[PDB]
Structure formats: structure tokens, C-alpha cells
Amino acid sequence: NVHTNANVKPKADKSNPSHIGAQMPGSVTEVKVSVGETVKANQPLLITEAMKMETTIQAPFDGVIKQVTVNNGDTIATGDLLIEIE
Amino acid sequence: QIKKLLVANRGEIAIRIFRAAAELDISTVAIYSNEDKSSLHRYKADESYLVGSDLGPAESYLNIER
Amino acid sequence: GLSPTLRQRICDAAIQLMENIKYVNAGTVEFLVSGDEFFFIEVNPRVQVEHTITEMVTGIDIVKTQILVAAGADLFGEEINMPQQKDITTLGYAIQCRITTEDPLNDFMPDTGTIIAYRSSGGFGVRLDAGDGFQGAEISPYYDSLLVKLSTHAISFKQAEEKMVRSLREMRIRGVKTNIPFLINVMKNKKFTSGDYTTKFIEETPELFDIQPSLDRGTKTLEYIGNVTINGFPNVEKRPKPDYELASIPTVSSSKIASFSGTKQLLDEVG
Amino acid sequence: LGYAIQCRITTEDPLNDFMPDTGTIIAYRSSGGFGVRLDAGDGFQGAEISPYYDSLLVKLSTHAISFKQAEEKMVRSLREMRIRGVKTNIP
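Residue numbers (my numbering), protein chains in the order written: chain Y, 26 to 111; chain S, -19 to 46; chain C, 18 to 288; chain P, 4 to 94.
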């Protein structure tokens, strides 16, 4: 592509605790976890930039990251799947 | 009895001399270096000529022969 | 500051030299004065940067005269129009201030850069011989970084002072940080106005290195607006500027309000 | 000391009954130099000229030892002047 800004992300299924969805339209500023990792509850796994403002996305529980749908500097839309955990 | 005059200089003094010369109905000539391509003085004269493009703007205003 | 018959001797001293050696065209004769004694230092066989100052008090265009002299024209003829030596005098007093990139915040080091804004002056007898400072033109470290020569002229030394002060305060050069604030203090100096100052005047007057934090609020709000226009604002969704609804503001006069008496006034009476 | 000369640069058309021309100035240059004094009015590269006030773009005054010198200084400055977008009384 030349970067990954054209990439369409699947929508997170809302009634599945494994699926973490994008809460706002933002930009992925920093990816912090990869496929097959295990960190504690509240682990800062993704850093988005909403609109000049920055929030870390945290894990709701303990578990193993199955998929990360995004890369650094990627645009996101409300309801976009970002992370899946076990 | 002078018809046309060249200023071996740049900056405000060159402008000043051009004006003095123009007041005496004397045609004027400006010399400029490679970095003085945008020096105001280059434009305030009847003729503009580059002093050595192969002789850096460091040396330009001091080269007697050119 | 100097005595009247002193400068005559210094002038005569100069004339005696230049007439003895058959000097042609414009030249300066430098001296060093102490008490009541001239001392020859050097001769500058050309015009000096500070020629304007003398042209303003005598009334002669020095530069013009150079060309005509070179043209073979006579000193007291129809061209040069020079007055006889007994007719040449000085009207009022003139001053010249030098404006260069040289940092007073960094031991007078000439600065390489591109100017972002330049702002002139004007007024009765205010010469603005502009060299390096005009548009958004980059300057080279290879040349004497003369930004602007600044000259004023008036019958009073005090009046030529305040003429220089206003011009200095009206100046605006950004990107580089100039010798301006320094120069203003020199013009508001009782020992400068007095007349008697040495070539040591600066070093022994340390409060001339006293800088005032003069803000350019206009520049600052242009910078704010620019930044927000281009980069947006935190928590504000990038969209078309409001004043969509031009609902003008109801207002009431100060007079009316100055008369109003309510619970504020009550507190002031009863407590 | 010396002689001084003044004239006022206006938008009066010297070909058309000295009638004040109106409109926008799209290019403005000015002289200066020793013994030349410019007191600007409506003459600048920005705004347009309304017919409602007396016409005056620049008050131009010059000063030299001789009168003839003062004149040749005045002439040059007039020629050095550049004003586009309106007719002027310069010529």
C-alpha cells in the first residue's frame, strides 16, 4: 500500500468479551503488544490519539492476545475491532 | 565628464550612489555575488551583472580583474 | 561638549594635512582628544558609513560631490555648489545608531538566518539606509551583517535624541534578536546628553546591558491562530468555523449600571 | 540652509481635466534617500481610493544645497515612483 491507511478493519462483535472495539475515531499512535503475549489485568496494550488527546487502551482481565488489528499511525473508526484476548 | 558608473559594492551604499548618479543623469551598473542575487541593490540600478559564479560570494566583491 | 575654539584647531589640523599633500575627493581625518590636544590617528581615504550624519548638519550631499569631483567639476562651481569655507556651518545636531544582527544576549556574534518580518520608520529627518533588512531575505555570515543604519536630525540634541528613541521603538525585526533595547538606554542617558563621554563610556556603564522583556503580542496571536488553524485544538472536532448564527449581543450603558443599586450596595451599607 | 521643494502626488489625470481617479492600487514603490522626505497618504499597495476626500497619495519634499540640486533630486524621486492601478499626476 505504502503504509497501511487504506486498510478496512472488521467490526468488533459487541456481545463478546474477547473483542475490544474502538470507542472513538482516532489514530493508532503506539502499538505495545503482539500476537501471542500475556500481561496482567490493566496492561497498556494500545495507545490511540482521539483528537490531540491520548488514551491507553487497557485489558479488562488477564489473558492471551489472539489478534491485533492495527499498526502504528493507522486510522480507526468507532466500533472497529482492535484487540482480541482470552 | 561621466556617462555610466559602476559601484564596486553592495547594500545601502550602492543604492545611495545609484541615486546620486541618477540625480546627475548618469547610467548605473550594479555587481552582485551569488548570494546577493536577491539583494535590493541589484535591482536599483540600470544594469546588473554577476561577479564570478565560479568564484564564491565570499571572494566576489574583492576580485579586481572580474 | 567640546569648547568652541577646540574644534576649530582640530578642523584646521585636518585641513593642514590634506592641503599639504594635495588631497583629491572625499576623505576623513581621525583624531584622539584628551584635555586640549589633538592627536592624529589615521586617514580614511574614502567615504565612511556614518557620512549621512554630517550631510544632515552641513547640508551637503557628500556622495553626490564625490562623483562630480571625479567628473572634474570645480568645488565652488555650478555643479558641486559648495559654500566657501567661511559659509559652511552646522544646523542642529545629528546622531547615527548602528543596527546589526550581533546578539547582545550572546557576546556580539553576527547571526546567520532569514528575517520573518521587517518594519520601517519615517518622520522629520529620519534616514533609513537599509541594507540587509527588507523582506524575507536570508543573510550571509560572510558580509558585515549591517541590518540598518538609523539617523535622526534636529536643532536640539534632546530633540534629535527623542527622534532616535521613537524610531528605535517603532523598529521591528524578528527571527534574530538585535541591539535595539541597548541603544534606547544610551539615548536616555544623562551622561550622553551632557556631552562628555569617553571611548570607555560603555564598559564603565554596565546598566546599558539591561534588557526589557518587550512582548510582541500581535506576533503571538498570529502564531496562535496559525497553529490552531493548521493543527486544530485539543478535544475539538476538525470542522467549519462557527459564527454560523450571527445573533448580536444585547447591551446596556455604563451610566445606567453605575446608578444601579442592589445587593452589592446593600452589603456596603448594612454588612 | 539650502533650498527645499514640495509637490503632492495625487490621482488627478493630467490628460483628463485633473479629475481624481478612483479604485485599487496593485503596485506601489517609493523613493527615499538623503534629503528626500515622503509623507504618505492614500498611496500604498493595499486599499482602494474613495472619491470622498481630497486626493493625495504621497506628499513629496526634497532638500539640497542649491535649488537646481533640489530639483534634480525631486525629478529622480518622481521618476523612481511606481504606482499601478490608478492614473496619477506624476508626469
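Beta carbons: idealized from backbone N, C-alpha and C, even for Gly.
Can you pull the chain C residues whose beta carbon is under 7 Å from the beta carbon of residue i, in chain order?
i, result
"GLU15 of chain S", "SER157"
"residue 102 of chain P", "The question about residue 102 of chain P has no answer, for chain P in this structure spans 4 to 94."
Can you give me the Cβ contacts of residue i inside the same chain, cut-off strictly under 6 Å, excluding the 5 residues immediately before and after it?
i, result
"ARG191 of chain C", "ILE133 and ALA134"
"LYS62 of chain P", "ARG11 and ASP42"
"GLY36 of chain S", "none"
"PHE86 of chain Y", "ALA66"
"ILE(-18) of chain S", "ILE6"
Applying the 10 Å Cβ sphere with the 16-neighbour rule, what's the burial state of residue i?
i, result
"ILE84 of chain C", "buried"
"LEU20 of chain S", "buried"
"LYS255 of chain C", "exposed"
"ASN32 of chain Y", "exposed"
"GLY288 of chain C", "exposed"
"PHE48 of chain C", "exposed"
"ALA264 of chain C", "exposed"
"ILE(-5) of chain S", "buried"
"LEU92 of chain C", "exposed"
"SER278 of chain C", "exposed"
"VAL95 of chain Y", "buried"
"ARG(-1) of chain S", "buried"
"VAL253 of chain C", "exposed"
"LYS24 of chain S", "buried"
"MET77 of chain P", "buried"
For residue i, which of helix, strand or coil comes out of DSSP?
i, result
"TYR56 of chain P", "coil"
"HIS44 of chain Y", "strand"
"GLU39 of chain S", "coil"
"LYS175 of chain C", "helix"
"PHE(-2) of chain S", "helix"
"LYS36 of chain Y", "strand"
"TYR135 of chain C", "strand"
"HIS170 of chain C", "strand"
"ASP29 of chain C", "helix"
"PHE226 of chain C", "helix"
"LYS(-16) of chain S", "strand"
"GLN65 of chain C", "coil"
"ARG191 of chain C", "coil"
"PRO267 of chain C", "coil"
"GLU119 of chain C", "coil"
Is residue i near residue j, with beta carbons less than 7 Å apart?
i, j, result
"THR13 of chain P", "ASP24 of chain P", "no"
"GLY130 of chain C", "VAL193 of chain C", "yes"
"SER33 of chain S", "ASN14 of chain S", "yes"
"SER59 of chain Y", "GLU109 of chain Y", "no"
"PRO121 of chain C", "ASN196 of chain C", "yes"
"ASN42 of chain C", "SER69 of chain P", "no"
"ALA47 of chain Y", "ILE101 of chain Y", "yes"
"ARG144 of chain C", "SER168 of chain C", "yes"
"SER40 of chain S", "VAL31 of chain S", "yes"
"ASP26 of chain S", "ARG(-10) of chain S", "no"
"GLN113 of chain C", "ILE70 of chain C", "yes"
"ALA177 of chain C", "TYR110 of chain C", "yes"
"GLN83 of chain Y", "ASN97 of chain Y", "no"
"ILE72 of chain Y", "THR81 of chain Y", "yes"
"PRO35 of chain Y", "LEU107 of chain Y", "no"
"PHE37 of chain P", "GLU72 of chain C", "yes"
Chain P partners of residue i, CB-CB under 7 Å?
i, result
"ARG144 of chain C", "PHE37"
"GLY76 of chain C", "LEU4, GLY5 and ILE68"
"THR69 of chain C", "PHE37"
Could you list which residues in chain P have their beta carbon closer than 8 Å to that of residue i, in chain order?
i, result
"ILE84 of chain C", "Those do not exist, as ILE84 of chain C stays about 12 Å from chain P at its closest Cβ, beyond 8 Å."
Taking 6 Å as the cut-off, is the beta-carbon of residue i closer than that to any non-hydrogen atom of the ligand SAH?
i, result
"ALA(-6) of chain S", "This structure does not include the ligand SAH; it has no bound ligands of any sort."
Starting from the beta carbon of residue i, find every residue of chain S whose beta carbon is closer than 8 Å, and list them in chain order.
i, result
"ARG79 of chain P", "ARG(-1), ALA2 and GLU3"
"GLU15 of chain P", "What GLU15 of chain P touches in chain S: nothing, since even the nearest Cβ is about 26 Å away."
Less than 7 Å between C-beta atoms, sequence neighbours within five positions excluded: which residues of the same chain meet that for residue i?
i, result
"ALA1 of chain S", "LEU(-15) and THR8"
"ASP45 of chain P", "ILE52, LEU59 and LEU60"
"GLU59 of chain C", "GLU47"
"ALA87 of chain C", "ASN42"
"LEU225 of chain C", "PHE199, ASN202, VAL203 and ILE219"
Chain C partners of residue i, CB-CB under 9 Å?
i, result
"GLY(-9) of chain S", "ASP146, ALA147, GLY148, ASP149, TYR160, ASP161 and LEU163"
"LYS77 of chain Y", "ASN248, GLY249, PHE250, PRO251, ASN252 and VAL253"
"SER28 of chain S", "By Cβ distance, chain C contributes nothing, its closest Cβ being about 16 Å from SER28 of chain S, past 9 Å."
"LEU42 of chain S", "Those do not exist, as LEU42 of chain S stays about 11 Å from chain C at its closest Cβ, beyond 9 Å."
Please list the partners that residue i has in chain P, where partner means a Cβ-to-Cβ separation under 9 Å.
i, result
"residue 15 of chain C", "For chain C, the structure presents residues 18 to 288; residue 15 of chain C sits outside this window and is missing."
If I measure Cβ to Cβ from residue i and keep anything under 8 Å in the same chain, skipping five residues before and after, which residues do I get?
i, result
"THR107 of chain C", "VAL74 and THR75"
"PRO54 of chain P", "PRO23 and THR25"
"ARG79 of chain P", "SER34"
"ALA75 of chain Y", "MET49, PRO50 and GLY51"
"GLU51 of chain P", "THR25, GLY26, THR27 and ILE28"
"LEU19 of chain C", "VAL50 and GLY212"
Just to make sure I have the definition right: I need the residues of chain C whose C-beta is within less than 8 Å of the C-beta of residue i. Which are they?
i, result
"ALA38 of chain S", "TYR159"
"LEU(-15) of chain S", "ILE84"
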